[PDB]
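Subsequent text provides structure tokens for two forms of one protein chain, presented individually as structure 1 and structure 2.
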Structure 1
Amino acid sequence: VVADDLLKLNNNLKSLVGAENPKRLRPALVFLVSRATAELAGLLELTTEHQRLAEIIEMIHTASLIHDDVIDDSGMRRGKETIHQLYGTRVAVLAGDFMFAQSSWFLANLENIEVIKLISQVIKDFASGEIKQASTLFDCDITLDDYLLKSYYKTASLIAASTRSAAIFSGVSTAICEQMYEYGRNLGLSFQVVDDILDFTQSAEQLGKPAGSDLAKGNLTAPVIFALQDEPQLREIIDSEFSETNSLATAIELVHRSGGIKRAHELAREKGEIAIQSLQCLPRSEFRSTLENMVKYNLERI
């Protein structure tokens, strides 16, 4: 429901301002970059465009997740009517469409064409990437650059668009807008790499079959990609889609003993450092400090 979502954002926005006075992540980044750049621009309060932008970004994020979660009914010769009722497919599609459409309508009425271009491209690349996703599972030839680009299209691009668009609506210089873009992109990549690290390490310490982990479904991320550089048996096991009994557990221990987790953690740190450096075009402020702290807090999840 767009109504409920717009409600929570405003509520979550309220406590944010009230805190800096003396999911939430994407609107919070919009708010913080909005306030930092609005002060730089001489604005006395956030504009309507800033406040709408935070709602727009979260509507797009939520619509994206709702659609990405729709079921694949492709091979079925009957029972499709039942499986869609069971899984609420029509509601999912309709809700996502209306959320997307509401966000596009908001965006048009903010009247900034640069922002519309930016955000429209984010959704293109997201939908395009998610269609391709199934074809990339278990492909051990994926490069680290391919994985970062994939993570950008899936996660970091919307975040980078949101922080750039916050600066655009403040009217700060193009150079600062580009720096806010770079902060969002590199925080988003650092965020995604840490999520991928955590999926792995949690999988290696859990009691049952890690059957729902990234590695188990063939979604090969930073720690595994690094490991594959030094682990010929890891490649062979992944290529087998863990056919042999208990081979998933073996693959997990090969990744764990490789240097891969440490190298992924350092990849997350370098992107985080680039993010923090992107903020130095801003003067000292509680908003800049908080944006710096989000990077640190992300890396502290280890």
Structure 2
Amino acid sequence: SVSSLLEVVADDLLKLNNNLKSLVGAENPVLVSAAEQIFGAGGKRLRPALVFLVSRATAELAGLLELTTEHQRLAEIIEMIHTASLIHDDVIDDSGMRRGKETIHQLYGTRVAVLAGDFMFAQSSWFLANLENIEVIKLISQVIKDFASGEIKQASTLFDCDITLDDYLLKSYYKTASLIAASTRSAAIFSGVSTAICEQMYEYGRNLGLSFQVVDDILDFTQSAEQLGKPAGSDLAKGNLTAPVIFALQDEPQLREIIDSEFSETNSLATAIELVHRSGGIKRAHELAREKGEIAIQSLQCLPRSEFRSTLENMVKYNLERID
């Protein structure tokens, strides 16, 4: 249960959840309702939780009695950047279901959804500049660039089966892992801990996020749309060749033709899907997630033994057992 997993920082999340409503304002009922749609749809709030967990462990190590106001704002900032990414991702992937509810672009047109994401990006970087830490300012600005860089790169290698796993991990760093890595390090920065601790907190966030996206790519093959709350079996059909396919593409070369066919033949997608399950593609991709999770756990031993650290120890083990 994600509820029990995030128990030690449950109270911190409830303050954030009651606060995202006003995080955009009230002058614009369209933008307000567009935000209530995706915020109220029921996200997992995993990115604010890790910020909360890292902020507390590194605050105990630094002698702070409570959390700074910039800790609690940072958690609201990362979630709003994550939300802005999802909005722009759905317009890109032509997805009509997010978190069990209809996506914004199919309610208010693609333009308003794009502007809502543009607003959420500038809004978070505006809050972030008001936190006055210049180092976090540049770090998060790098992440906003990484989301666009990965999406342009992911859009240009579709149906290209000679894509390497090296490219696949770099792509998933840009669009998913860079934000999570910057959020865990920026939390350590607002606690004032040493540079080495700052660096290892960033290394936990990038490796947990890397395996997190690998699992997100697995659940597209192994879970239903109703289960995930978002369209399932969509990456392969669009030409986005995730780790199960790249692993599978090494032994069963019939995949190459079907994907280079752009699945034009009727029945081709159904047979290509079973060719992925045919091979050890799904399980070989899972062990890539386990390895990325192994590196993430090692970065935690720099911290003392605390239930904040052991929850952060549990969050990768929860990733490998997650049906979403």
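For numbering, take structure 1's sequence and count from 1. For clarity, a rigid core is taken as the largest C-alpha set superposing within 1.5 Å between two forms.
Comparing the two forms between the two structures on the rigid core, the single residue of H67, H265, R235, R52 with a CA shift of 2 Å or greater is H67. Comparing the forms between the two structures on their rigid core, the Cα displacement of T290 stays under 2 Å.
Taking the rigid core as fixed, one finds a CA shift for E205 of 2 Å or more between the two structures.
Remark: with the core as the superposition reference, the CA shift of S173 between the two structures stays below 2 Å. For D125, the Cα deviation between the two structures after core superposition amounts to 1.6 Å.
Aligning the rigid core between the two structures leaves the CA of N11 offset by 4.2 Å.
Superposed on the rigid core, the forms differ at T82: its CA is offset by 17.9 Å between the two structures.
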